[PDB]
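Engineer: Got a structure here, written out as structure tokens. Questions coming.
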Amino acid sequence: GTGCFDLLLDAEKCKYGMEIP
Amino acid sequence: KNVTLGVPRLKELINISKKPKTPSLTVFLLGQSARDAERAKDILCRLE
Amino acid sequence: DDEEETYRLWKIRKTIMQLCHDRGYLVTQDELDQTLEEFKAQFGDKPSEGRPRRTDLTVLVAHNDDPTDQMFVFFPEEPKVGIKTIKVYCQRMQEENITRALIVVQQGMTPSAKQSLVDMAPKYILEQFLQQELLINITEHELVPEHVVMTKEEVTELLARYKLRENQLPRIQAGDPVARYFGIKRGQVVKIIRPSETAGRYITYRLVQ
Amino acid sequence: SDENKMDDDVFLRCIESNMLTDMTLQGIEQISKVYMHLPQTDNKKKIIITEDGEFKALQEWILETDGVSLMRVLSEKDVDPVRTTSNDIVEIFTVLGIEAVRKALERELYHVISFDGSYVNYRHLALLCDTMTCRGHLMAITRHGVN
Amino acid sequence: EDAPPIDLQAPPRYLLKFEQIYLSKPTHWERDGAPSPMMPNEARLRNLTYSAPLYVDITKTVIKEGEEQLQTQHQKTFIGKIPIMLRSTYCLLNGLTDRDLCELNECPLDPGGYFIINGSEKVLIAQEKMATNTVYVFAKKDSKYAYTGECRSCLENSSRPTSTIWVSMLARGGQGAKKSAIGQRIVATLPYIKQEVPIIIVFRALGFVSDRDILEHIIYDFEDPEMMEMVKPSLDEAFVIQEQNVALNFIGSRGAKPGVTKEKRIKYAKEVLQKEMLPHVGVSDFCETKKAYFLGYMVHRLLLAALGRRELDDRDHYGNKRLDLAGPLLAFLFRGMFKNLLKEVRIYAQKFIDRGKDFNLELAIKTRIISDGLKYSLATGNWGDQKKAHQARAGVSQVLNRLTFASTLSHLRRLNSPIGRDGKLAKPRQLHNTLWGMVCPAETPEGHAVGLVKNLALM
Amino acid sequence: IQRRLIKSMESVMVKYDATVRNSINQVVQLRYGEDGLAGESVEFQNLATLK
Amino acid sequence: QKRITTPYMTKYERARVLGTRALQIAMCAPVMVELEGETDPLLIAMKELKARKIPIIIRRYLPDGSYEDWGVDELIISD
Amino acid sequence: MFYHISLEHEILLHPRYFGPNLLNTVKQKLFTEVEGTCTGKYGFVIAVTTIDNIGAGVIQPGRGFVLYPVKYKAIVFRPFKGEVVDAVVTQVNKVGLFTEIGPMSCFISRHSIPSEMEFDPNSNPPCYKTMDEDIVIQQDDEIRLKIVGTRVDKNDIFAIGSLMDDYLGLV
Amino acid sequence: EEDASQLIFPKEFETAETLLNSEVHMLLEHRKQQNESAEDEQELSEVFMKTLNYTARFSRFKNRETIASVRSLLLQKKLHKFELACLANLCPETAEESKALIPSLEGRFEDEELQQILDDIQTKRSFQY
């Protein structure tokens with residue numbers, strides 16, 4: 001039931017970003 | 001000859017330690033030299 | 001000293017010949033009790049700096065049960081034994097199609113050459129013996145009891161009577177001088193008939209492991 | 001040849017000490033002194049059956065020597081290869097084997113026990129030797145000693 | 001008196017010195033604070049330490065960079081208190097007739113000589129120690145070197161911690177290309193130098209650059225050639241070091257805390273040899289000649305022992321062992337609290353000095369350290385301060401055995417064998433010949449600790 | 001020594017097959033004392049057929 | 001590298017990536033793209049996928065046990 | 001006893017920490033979760049030396065919390081059973097001496113203490129002292145004891161020691 | 001089911017290498033230094049403080065050189081890793097004390113050779129005073 005792939009967090013891509021507040 | 005006996009030797013017999021205190025060896029001669037005294041000296045020198 | 005070498009080599013030959021007899025090979029009667037005086041006469045010259053060498057000291061014997069099970073006793077004839085010489089000996093033994101051979105190595109052995117005895121094929125059986133070790137017969141010593149190798153048939157019967165396992169029997173190291181003298185390997189049981197003070201005779205069986 | 005950095009003066013001092021320390025003109029290393037004396041005790045004396053039949057103990061010289069060189073001492077001229085035994089079980093193990101140690105261990109254990117006149121049954125002594133040599137190699141007695 | 005000057009800085013300079021010590025007879029301080037006399041018997045009944053107040057005169061000189069020096073006098077500052085042994089000079093029962101002792105509920109036949117701490121009578125068991133400022137040569141077969149030139153040197157009563165130097169002589173067992181040639185050479189290990197430096201280099205650091213001067217101090221009889229040959233190999237190692245500065249540089253190379261700059265190595269070596277090494281012979285900067293002569297004697301003593309012309313010193317010889325009684329023992333302890341007392345004053349004033357305001361001495365001096373410091377070990381038996389991260393010497397200040405009068409007398413005269421390396425190497429249990437007339441041979445506790453504990457001879 | 005010896009032989013016992021074995025069941029001796037007799041009932045004597 | 005899966009992004013992967021990202025955005029997660037007043041979290045993540053800024057990395061487990069790390073930006077989405 | 005180990009800990013990271021350099025947040029988070037705690041299997045984790053590596057962050061379905069398996073190097077204090085180690089006395093009571101072996105506290109029962117020792121309630125401060133008074137155990141006294149057994153309670157390890165064995169005491 | 005005297009313990013600790021009490025203080029100091037100044041974080045846990053005092057109070061060595069020398073000296077022998085830290089931490093006065101405290105040593109160490117090792121540790125450990 002939609003388990004053949006898992007989502008993994010990557011930090012190198014998160015190195016850019018600003019919090020909305 | 002001083003041969004360690006008693007507790008010191010009893011410990012060393014159960015304690016298999018490679019180097020005992022006085023690890024003496026007894027050498028028994030055979031033949032004609034075993035009876036003569038002078039003929040046993042050369043063996044003494046060749047062992048010492 | 002040339003004179004010293006005659007006694008040193010004579011003892012090795014005398015002990016080596018008795019080694020085959022104890023193992024169970026057919027050995028001529030004269031060669032067991034061969035005298036030192038006959039050692040020089042049957043060679044005709046002094047070993048050191050003479051025609052008699054260690055190469056010709058090689059002896060050939062056949063097993064009493066079957067003659068096809070011959071045995072070899074080679075002598076390296078060198079201060080140290082290397083791999084190249086070892087490969088030659090087994091290669092030489094290949095022509096005769098023999099399964100067991102004995103090497104009388106000198107006091108020094110190459111550590112690399114020692115590996116040759118480990119990597120050999122299962123049908124190869126090479127046993128190393130230091131020159132000093134063979135100068136005396138360990139079996140004849142009073143402390144050493146009489147050792148008899150037990151055949152496979154006896155071992156199975158022995159365990160059935162006593163209902164014993166291989167691990168239960170007393171163990172003996174394969175590298176023991178007596179074990180090396182008889183050339184026994186793992187899984188062999190040695191019958192020890194020692195003169196017990198209490199019962200007079202006491203038969204003990206030890207498994208090589 | 002070497003004549004033609006300690007060329008010859010300092011080298012002579014160096015070589016001089018070496019030949020006075022680790023040079024063996026005749027003998028076997030690890031042997032400091034040898035004690036030779038006729039044994040008055042019967043056990044040391046050789047017992048040989050006489051023609052008549054009665055036991056007789058002849059006088060044979062015995063050389064008790066400090067240190068263990070059984071491997072080389074045994075392989076010596078005019079030395080008995082049978083009755084020559086050492087008191088060191090470790091040396092006997094590497095020369096004669098574990099089986100010979102069982103008898104040697106018994107003799108040493110009995111020798112010390114009988115030195116003061118006390119006696120112990122052979123069965124008890126044999127049991128201790130068998131357990132130590134049961135595995136084929138000398139085993140130190142269990143050192144925990146909880147019980 | 002021998003206390004180092006107290007210096008505080010952070011312009012405002014404060015120099016505090018102790019002028020004199022005043023000791024009064026024992027008194028009891030209750031909630032009222034009156035200095036009522038404290039009888040020894042009262043201490044046992046009330047389970048309090050029998051002790052007397054300690055007072056010290058403190059003089060402080062303060063300079064605020066104003067070219068005006070003024071000082072104030074503090075008369076009989078309450079530094080703390082000192083336990084008083086019974087029947088001592090400061091004890092309340094000294095020189096009293098037998099009649100007076102009964103009035104105070106004290107036994108006239110009781111000899112005293114103990115301390116009452118928390119109501120428990122404690123006797124300071126004498127601890128034998130190796131004699132100081134004495135040269136001893138011993139032979140050990142386990143060390144890599146044949147002979148030991150052990151000589152622990154200390155000044156009078158104690159100005160600095162005892163420092164020991166072992167002028168050893170390498171054994172001939174080792175073999176080498178150059179070692180065999182020279183053979184046996186003398187190596188001396190300095191107290192603050194981890195590695196063993198040749199003794200010859202030490203003399204060069206002192207100032208005796210010439211090699212002949214080295215032989216003059218060591219070899220007194222030049223006619224005898226046997227001793228001369230033994231010192232020859234030692235010169236080979238130190239030959240390359242000819243200048244005194246190089247010798248000072250050489251020693252400082254292996255120092256505990258080598259200096260980053262080259263000049264610092266010479267200074268560290270200069271201080272170590274001048275102060276750390278051989279403190280007893282000389283502590284100033286103009287005792288190089290005196291220090292060298294003692295150093296040469298140690299080598300000379302080693303030469304006699306090595307050649308066999310001088311018998312090796314006996315480990316069990318009581319002449320080589322000194323006995324530490326309540327006096328010598330408490331003297332060492334008193335330094336522990338006093339040294340910490342200065343630190344407490346310094347630390348307390350440190351926060352005050354940096355703020356610029358003067359610090360009152362009444363708060364600076366800590367009475368608890370002096371009082372509790374001595375009372376602690378004397379009660380517990382663990383010698384020394386507990387805070388310091390070490391192992392205290394137990395078995396000292398045991399409770400007096402009052403089962404029998406004879407037992408009480410024996411306990412007071414009781415002796416203890418040395419512990420540690422000194423006691424272990426020797427055979428304190430075995431009875432030596434030196435005990436004749438000095439230590440009772442028959443008297444010794446039975447058990448594992450047999451012979452370690454003994455009793456002083458009657459006379 | 002007494003404590004050490006007991007521990008190394010505490011499990012040694014004579015089984016019902018007249019054999020000496022330890023807890024692991026390893027045969028220490030085929031027969032107790034090599035004869036299979038108790039050490040208390042044995043009595044000292046000298047047979048006169050060898051002297 | 002040596003990735004054998006299709007370069008395109010499956011519909012199931014797109015739905016989960018946006019859903020997980022949208023849940024993250026609703027949990028005070030930062031937004032790589034500029035915010036122009038889009039309140040609904042799904043819209044914020046939807047434009048993030050368009051701009052190829054979603055940090056999520058898709059680990060596709062092959063039936064043989066091997067896994068391939070495919071980035072959302074690397075994958076070719078359909079708009 | 002102090003050892004050097006390489007442990008594995010699954011770090012739960014909130015989506016709020018998905019900003020620039022979240023590995024720094026993961027790295028700093030590991031200095032609070034496994035630091036200062038006491039796992040019952042490996043003992044007290046007194047300190048962390050360095051971080052070996054940080055694994056890929058797997059997003060847990062439904063929960064939405066990313067799981068980061070991180071490997072780190074740390075030093076633990078695991079008291080092995082039947083091990084003799086020095087201890088520091090913190091308090092003394094009629095029940096027995098209360099010792100402190102580093103981060104943990106070990107309790108010594110009266111029975112385990114040698115019979116020669118006798119508790120003295122008045123003596124200020126209390127200290128187990130024998131009649132001969134050769135040896136006394138005060139507070140903050142360095143003594144050697146053998147841990148007969150250890151038990152894990154409320155995520156903490158409690159040890160029981162004894163001094164019946166030879167050469168256990170002030171020395 | 002585990003006992004330190006018999007050298008029986010969980011297999012995981014076999015790979016771990018033991019550390020000295022004084023040596024651990026250095027590691028704790030390194031951890032303390034960075035936390036105090038390198039990063040602005042919460043104060044160190046009470047457990048960290050408690051073990052820091054224990055290591056400092058029982059620290060038998062002054063600097064790393066003394067620690068390294070003892071570690072190197074004992075590494076040359078066949079000393080087990082468990083005994084490596086235990087012997088140094090205990091600092092037995094004599095060989096007899098070490099064997100009774102450490103049953104494992106007496107199995108493969110003689111009364112003479114081990115004594116030559118403990119005395120070496122004594123020469124390395126130093127007193128504040």
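Letters for chains follow the order of the structure tokens (A, B, ...), residue numbers begin at 1 for each chain, and ligand numbers begin at 1 in the order shown.
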Chain F residues within 12 Å of chain C, counting only C-alpha atoms: which ones, as a PyMOL selection string?
Structural biologist: chain F and resi 16-39+42+44
Engineer: Filtering to N, CA and C atoms, could you give me those residues as a compact mmCIF listing (two decimals), in the first residue's frame?
Structural biologist:
# COMPACT_ATOMS: atom_id res chain seq x y z
N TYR F 16 28.80 -44.59 38.25
CA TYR F 16 28.33 -45.95 38.44
C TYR F 16 29.01 -46.96 37.52
N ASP F 17 29.77 -46.50 36.52
CA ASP F 17 30.53 -47.38 35.66
C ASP F 17 31.96 -47.59 36.16
N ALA F 18 32.22 -47.30 37.43
CA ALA F 18 33.55 -47.45 38.02
C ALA F 18 34.58 -46.60 37.28
N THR F 19 34.18 -45.39 36.90
CA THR F 19 35.05 -44.44 36.22
C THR F 19 35.02 -43.11 36.96
N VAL F 20 36.13 -42.38 36.87
CA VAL F 20 36.28 -41.07 37.50
C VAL F 20 36.02 -40.01 36.44
N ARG F 21 35.00 -39.19 36.66
CA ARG F 21 34.61 -38.16 35.71
C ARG F 21 34.25 -36.88 36.46
N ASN F 22 34.39 -35.75 35.77
CA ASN F 22 34.09 -34.44 36.31
C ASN F 22 32.68 -34.03 35.92
N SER F 23 32.34 -32.76 36.19
CA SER F 23 31.01 -32.26 35.83
C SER F 23 30.78 -32.34 34.33
N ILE F 24 31.80 -32.00 33.53
CA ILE F 24 31.68 -32.07 32.08
C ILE F 24 31.56 -33.49 31.57
N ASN F 25 31.72 -34.49 32.44
CA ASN F 25 31.63 -35.90 32.11
C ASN F 25 32.88 -36.42 31.40
N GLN F 26 33.99 -35.69 31.48
CA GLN F 26 35.23 -36.15 30.89
C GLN F 26 35.89 -37.19 31.78
N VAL F 27 36.40 -38.25 31.16
CA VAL F 27 36.98 -39.37 31.90
C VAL F 27 38.35 -38.94 32.41
N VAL F 28 38.47 -38.74 33.72
CA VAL F 28 39.76 -38.44 34.32
C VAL F 28 40.57 -39.72 34.51
N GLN F 29 39.93 -40.78 35.00
CA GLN F 29 40.57 -42.07 35.19
C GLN F 29 39.57 -43.17 34.89
N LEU F 30 40.02 -44.21 34.18
CA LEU F 30 39.14 -45.33 33.87
C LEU F 30 38.66 -46.01 35.14
N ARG F 31 39.56 -46.22 36.10
CA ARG F 31 39.22 -46.80 37.39
C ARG F 31 39.83 -45.94 38.49
N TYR F 32 39.10 -45.80 39.60
CA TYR F 32 39.58 -44.98 40.70
C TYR F 32 40.89 -45.55 41.24
N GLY F 33 41.90 -44.69 41.33
CA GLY F 33 43.20 -45.13 41.80
C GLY F 33 43.87 -46.16 40.92
N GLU F 34 43.39 -46.33 39.69
CA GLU F 34 43.89 -47.30 38.71
C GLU F 34 43.60 -48.74 39.11
N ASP F 35 42.91 -48.97 40.22
CA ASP F 35 42.59 -50.32 40.66
C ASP F 35 41.09 -50.47 40.91
N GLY F 36 40.45 -49.38 41.35
CA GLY F 36 39.03 -49.41 41.65
C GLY F 36 38.75 -49.85 43.07
N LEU F 37 39.56 -49.38 44.01
CA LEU F 37 39.43 -49.73 45.42
C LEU F 37 39.50 -48.47 46.27
N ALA F 38 38.79 -48.49 47.39
CA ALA F 38 38.79 -47.35 48.30
C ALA F 38 40.14 -47.22 48.99
N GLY F 39 40.51 -45.98 49.30
CA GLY F 39 41.78 -45.71 49.95
C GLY F 39 41.79 -45.92 51.45
N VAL F 42 42.23 -50.20 52.20
CA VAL F 42 43.51 -50.78 51.82
C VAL F 42 44.44 -50.81 53.03
N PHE F 44 48.55 -51.89 54.37
CA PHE F 44 49.92 -52.07 53.92
C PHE F 44 50.40 -53.49 54.19
Engineer: Do me a favour and pick out the residues of chain E within 9 Å of chain D, using only C-alpha atoms, as a PyMOL selection string.
Structural biologist: chain E and resi 172-173+175-183
Engineer: With N, CA, C and O atoms retained, export the selected residues as a PDB file, in the first residue's frame.
Structural biologist:
ATOM      1  N   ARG E 172      76.656  -4.148  33.538  1.00  0.00           N
ATOM      2  CA  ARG E 172      77.419  -4.670  32.412  1.00  0.00           C
ATOM      3  C   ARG E 172      76.644  -5.702  31.601  1.00  0.00           C
ATOM      4  O   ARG E 172      77.134  -6.136  30.553  1.00  0.00           O
ATOM      5  N   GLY E 173      75.454  -6.102  32.055  1.00  0.00           N
ATOM      6  CA  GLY E 173      74.698  -7.106  31.324  1.00  0.00           C
ATOM      7  C   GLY E 173      74.380  -6.682  29.903  1.00  0.00           C
ATOM      8  O   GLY E 173      74.483  -7.480  28.969  1.00  0.00           O
ATOM      9  N   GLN E 175      74.647  -5.173  26.195  1.00  0.00           N
ATOM     10  CA  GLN E 175      75.700  -5.234  25.192  1.00  0.00           C
ATOM     11  C   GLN E 175      75.332  -4.348  24.012  1.00  0.00           C
ATOM     12  O   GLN E 175      74.170  -4.306  23.594  1.00  0.00           O
ATOM     13  N   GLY E 176      76.325  -3.642  23.479  1.00  0.00           N
ATOM     14  CA  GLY E 176      76.107  -2.770  22.339  1.00  0.00           C
ATOM     15  C   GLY E 176      77.419  -2.449  21.658  1.00  0.00           C
ATOM     16  O   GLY E 176      78.499  -2.781  22.147  1.00  0.00           O
ATOM     17  N   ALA E 177      77.304  -1.786  20.505  1.00  0.00           N
ATOM     18  CA  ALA E 177      78.494  -1.422  19.742  1.00  0.00           C
ATOM     19  C   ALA E 177      79.392  -0.488  20.544  1.00  0.00           C
ATOM     20  O   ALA E 177      80.603  -0.712  20.653  1.00  0.00           O
ATOM     21  N   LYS E 178      78.813   0.567  21.115  1.00  0.00           N
ATOM     22  CA  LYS E 178      79.557   1.509  21.941  1.00  0.00           C
ATOM     23  C   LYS E 178      79.410   1.239  23.430  1.00  0.00           C
ATOM     24  O   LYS E 178      80.343   1.509  24.192  1.00  0.00           O
ATOM     25  N   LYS E 179      78.263   0.708  23.862  1.00  0.00           N
ATOM     26  CA  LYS E 179      78.064   0.433  25.281  1.00  0.00           C
ATOM     27  C   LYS E 179      79.084  -0.575  25.793  1.00  0.00           C
ATOM     28  O   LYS E 179      79.632  -0.414  26.889  1.00  0.00           O
ATOM     29  N   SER E 180      79.349  -1.626  25.013  1.00  0.00           N
ATOM     30  CA  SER E 180      80.317  -2.633  25.436  1.00  0.00           C
ATOM     31  C   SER E 180      81.710  -2.034  25.578  1.00  0.00           C
ATOM     32  O   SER E 180      82.440  -2.360  26.522  1.00  0.00           O
ATOM     33  N   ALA E 181      82.099  -1.158  24.649  1.00  0.00           N
ATOM     34  CA  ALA E 181      83.427  -0.557  24.702  1.00  0.00           C
ATOM     35  C   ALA E 181      83.633   0.196  26.011  1.00  0.00           C
ATOM     36  O   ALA E 181      84.501  -0.155  26.817  1.00  0.00           O
ATOM     37  N   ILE E 182      82.839   1.244  26.239  1.00  0.00           N
ATOM     38  CA  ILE E 182      82.945   1.985  27.492  1.00  0.00           C
ATOM     39  C   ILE E 182      82.506   1.112  28.662  1.00  0.00           C
ATOM     40  O   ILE E 182      83.069   1.194  29.761  1.00  0.00           O
ATOM     41  N   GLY E 183      81.504   0.263  28.448  1.00  0.00           N
ATOM     42  CA  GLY E 183      81.078  -0.676  29.466  1.00  0.00           C
ATOM     43  C   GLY E 183      80.140  -0.082  30.495  1.00  0.00           C
ATOM     44  O   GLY E 183      78.966   0.170  30.209  1.00  0.00           O
TER      45      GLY E 183
END
Engineer: One decimal, Å: what's the distance from CA of residue 19 (chain H) over to CA of residue 32 (chain G), could you say?
Structural biologist: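 That distance, rounded to one decimal, is 9.2 Å.
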Engineer: Considering only helix (DSSP H, G or I) as DSSP defines it on the backbone, what residues of chain A qualify? List them as a ChimeraX atom specification.
Structural biologist: /A:11-14
Engineer: Within 12 Å of residue 34 (chain C), counting only C-alpha atoms, which residues qualify if same-chain residues fewer than 2 places away don't, as a short mmCIF file (atom, residue, chain, number, x, y, z; two decimals) with C-alpha atoms, in the first residue's frame?
Structural biologist:
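Contents of selection07.cif, freshly written:
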data_model
loop_
_atom_site.label_atom_id
_atom_site.label_comp_id
_atom_site.auth_asym_id
_atom_site.auth_seq_id
_atom_site.Cartn_x
_atom_site.Cartn_y
_atom_site.Cartn_z
CA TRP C 10 74.68 -42.22 13.94
CA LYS C 11 72.18 -41.50 16.71
CA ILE C 12 69.78 -39.83 14.26
CA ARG C 13 69.90 -42.84 11.94
CA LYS C 14 69.47 -45.28 14.82
CA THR C 15 66.52 -43.34 16.25
CA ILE C 16 64.99 -42.79 12.81
CA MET C 17 65.06 -46.50 11.98
CA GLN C 18 63.49 -47.33 15.35
CA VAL C 27 62.38 -52.58 9.51
CA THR C 28 65.35 -54.90 9.09
CA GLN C 29 66.61 -56.39 12.35
CA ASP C 30 70.23 -55.34 11.80
CA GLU C 31 69.33 -51.69 11.15
CA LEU C 32 67.62 -51.28 14.54
CA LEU C 36 78.45 -47.26 15.71
CA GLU C 37 81.45 -49.29 14.54
CA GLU C 38 79.36 -50.49 11.59
CA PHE C 39 78.19 -46.93 10.91
CA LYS C 40 81.60 -45.96 9.52
CA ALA C 41 82.27 -49.33 7.87
CA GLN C 42 79.02 -49.35 5.87
#
Engineer: Which residues come within 12 Å of region 24-40 of chain D, counting only C-alpha atoms, excluding same-chain residues fewer than 3 positions away, as a PyMOL selection string?
Structural biologist: (chain B and resi 1-3+19+22-29+34-48) or (chain D and resi 18-21+43-46+57-76)
Engineer: Residues of chain E no more than 10 Å from chain I, counting only C-alpha atoms: send them over as number ranges by chain.
Structural biologist: E: 142-143, 161, 194, 256, 336, 387-391, 420-421, 424
Engineer: Could you take the residues named above and write them with C-alpha atoms, as a compact mmCIF listing (two decimals), in the first residue's frame?
Structural biologist:
# COMPACT_ATOMS: atom_id res chain seq x y z
CA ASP E 142 65.74 -6.41 39.15
CA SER E 143 66.81 -2.91 38.09
CA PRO E 161 59.72 18.71 50.73
CA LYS E 194 62.35 12.40 33.94
CA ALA E 256 59.43 18.23 33.35
CA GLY E 336 49.82 21.36 55.54
CA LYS E 387 40.95 17.01 50.44
CA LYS E 388 44.39 16.46 48.93
CA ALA E 389 44.06 13.71 46.32
CA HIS E 390 46.34 11.05 47.80
CA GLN E 391 46.49 8.03 50.11
CA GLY E 420 56.10 1.35 51.02
CA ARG E 421 59.21 0.76 48.91
CA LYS E 424 58.98 -3.76 51.19
Engineer: With the cut-off set at 7 Å and counting only C-alpha atoms, tabulate each residue of chain A with an atom at most that distance from an atom of chain H, showing the nearest atom pair and its distance in Å to one decimal, ordered by chain and increasing number, as a tab-separated table.
Structural biologist:
residue	atom	partner	partner_atom	distance
A:7	CA	H:59	CA	5.8
A:8	CA	H:58	CA	4.4
A:9	CA	H:57	CA	4.9
A:10	CA	H:57	CA	6.8
A:11	CA	H:22	CA	5.9
A:14	CA	H:20	CA	5.3
A:15	CA	H:20	CA	3.8
A:16	CA	H:20	CA	5.1
A:17	CA	H:19	CA	5.7
A:18	CA	H:19	CA	6.8
Engineer: Report, in Å to a single decimal, how far apart CA of residue 133 (chain C) and CA of residue 8 (chain C) are.
Structural biologist: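 Separation of CA of residue 8 (chain C) and CA of residue 133 (chain C): 11.4 Å.
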Engineer: Pick out the chain I residues within 12 Å of chain B. Count only C-alpha atoms. Give them as an MDAnalysis selection string.
Structural biologist: chainID I and resid 106:113
Engineer: How would the residues just picked look written out with C-alpha atoms as a CSV table (one decimal), in the first residue's frame?
Structural biologist:
chain,number,residue,atom,x,y,z
I,106,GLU,CA,47.6,-13.6,38.7
I,107,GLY,CA,46.7,-16.1,36.0
I,108,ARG,CA,49.3,-15.0,33.5
I,109,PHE,CA,51.6,-12.7,35.6
I,110,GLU,CA,54.4,-13.8,38.0
I,111,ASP,CA,55.0,-12.3,41.4
I,112,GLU,CA,58.3,-10.7,40.1
I,113,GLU,CA,57.6,-9.3,36.7
Engineer: Using only C-alpha atoms, what table do you get, as a Markdown table, when you list each residue of chain F with an atom no more than 7 Å from chain D, its nearest pair of atoms, and their distance in Å rounded to one decimal, rows by chain then rising number?
Structural biologist:
| residue | atom | partner | partner_atom | distance |
| --- | --- | --- | --- | --- |
| F:3 | CA | D:145 | CA | 4.8 |
| F:4 | CA | D:145 | CA | 4.2 |
| F:5 | CA | D:141 | CA | 6.7 |
| F:6 | CA | D:147 | CA | 6.6 |
| F:7 | CA | D:145 | CA | 5.7 |
| F:8 | CA | D:142 | CA | 5.3 |
| F:28 | CA | D:131 | CA | 6.0 |
| F:33 | CA | D:123 | CA | 4.1 |
| F:51 | CA | D:54 | CA | 6.3 |
Engineer: Using N, CA, C and O atoms, can you export the residues from the last selection as a compact mmCIF listing (two decimals), in the first residue's frame?
Structural biologist:
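Everything below was put into part.txt:
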# COMPACT_ATOMS: atom_id res chain seq x y z
N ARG F 3 42.39 -24.65 49.37
CA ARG F 3 41.21 -24.16 48.67
C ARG F 3 41.36 -24.35 47.16
O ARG F 3 40.41 -24.74 46.48
N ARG F 4 42.55 -24.07 46.62
CA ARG F 4 42.76 -24.20 45.18
C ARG F 4 42.58 -25.64 44.72
O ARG F 4 41.95 -25.90 43.69
N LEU F 5 43.14 -26.59 45.47
CA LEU F 5 43.05 -27.99 45.07
C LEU F 5 41.61 -28.48 45.07
O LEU F 5 41.19 -29.22 44.16
N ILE F 6 40.83 -28.08 46.07
CA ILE F 6 39.45 -28.55 46.17
C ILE F 6 38.64 -28.07 44.97
O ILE F 6 37.86 -28.84 44.39
N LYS F 7 38.81 -26.81 44.58
CA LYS F 7 38.03 -26.27 43.47
C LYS F 7 38.31 -27.02 42.18
O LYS F 7 37.38 -27.33 41.42
N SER F 8 39.58 -27.33 41.90
CA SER F 8 39.93 -28.04 40.68
C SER F 8 39.48 -29.49 40.68
O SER F 8 39.46 -30.11 39.61
N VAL F 28 38.47 -38.74 33.72
CA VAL F 28 39.76 -38.44 34.32
C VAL F 28 40.57 -39.72 34.51
O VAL F 28 41.77 -39.76 34.23
N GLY F 33 41.90 -44.69 41.33
CA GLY F 33 43.20 -45.13 41.80
C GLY F 33 43.87 -46.16 40.92
O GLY F 33 44.82 -46.82 41.35
N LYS F 51 61.30 -60.60 46.53
CA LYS F 51 62.55 -60.31 47.24
C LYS F 51 63.45 -61.54 47.27
O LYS F 51 64.66 -61.42 47.01
